[PDB]
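Below you'll find only one chain, the form deposited in one PDB entry, shown as C-alpha cells.
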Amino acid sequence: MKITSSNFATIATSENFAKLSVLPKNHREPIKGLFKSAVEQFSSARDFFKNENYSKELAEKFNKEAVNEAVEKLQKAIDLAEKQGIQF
C-alpha cells in the first residue's frame, strides 16, 4: 500500500490498529509504536496555527513536516506489518 495525505485518515483506523494484536510481541511493539505515533502527529498537524507564538508562515512550515513525517511512519508501519502478512 501507499499512504498520502488523501488516504492517511482512511488507513489509520481502529480496525487496522486492532488487527495488529495477532502479531508476536517481537514485531507488534515497534509496529504499533510507529503507527500510534503517526496518528498522534497527524491528528495535531494543524494545531500549530492555534498558537499566538507561531507565525503563519512558520505554522505552514510546521504543518507540512507534521503531515510528511506522519505519513512516512505509517508507510513504515504497513511495510513491516505486511512483511509479517497482515490482512490490511
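If you superpose the two forms and keep the largest set of C-alpha atoms that fall within 1.5 Å, you have the rigid core. Only residues modelled in both forms are compared. Start at 1 and count along the sequence shown; that's the residue number.
Look at the C-alpha B-factors of 36-44 and of 57-65. On average they run higher in 57-65. In this entry, the higher average B-factor at the C-alpha atoms falls on 12-20, of the pair 12-20 and 67-75. Among the modelled residues of the chain, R28 sits in the lowest third by CA temperature factor in this PDB entry.
What comes next is about the form deposited in another entry, which is not displayed.
Superposition on the rigid core between the shown form and the other one places the CA atom of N68 2 Å or more away from its counterpart.
Relative to the superposed rigid core, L23 undergoes a CA displacement smaller than 2 Å between the shown form and the other one. Core-superposed comparison between the shown form and the other one: CA of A12 displaced by less than 2 Å.
Put simply, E52 and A9 come closer in the other form: their C-alpha atoms are 3 Å or more nearer than in the form shown. In the other form, the CA atoms of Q41 and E52 sit closer together than in the displayed form, by at least 3 angstroms.
Residues present in both forms were compared between the shown form and the other one after fitting on the core; the only consecutive run of three or more with every C-alpha moved by 2 angstroms or more is 46-88.
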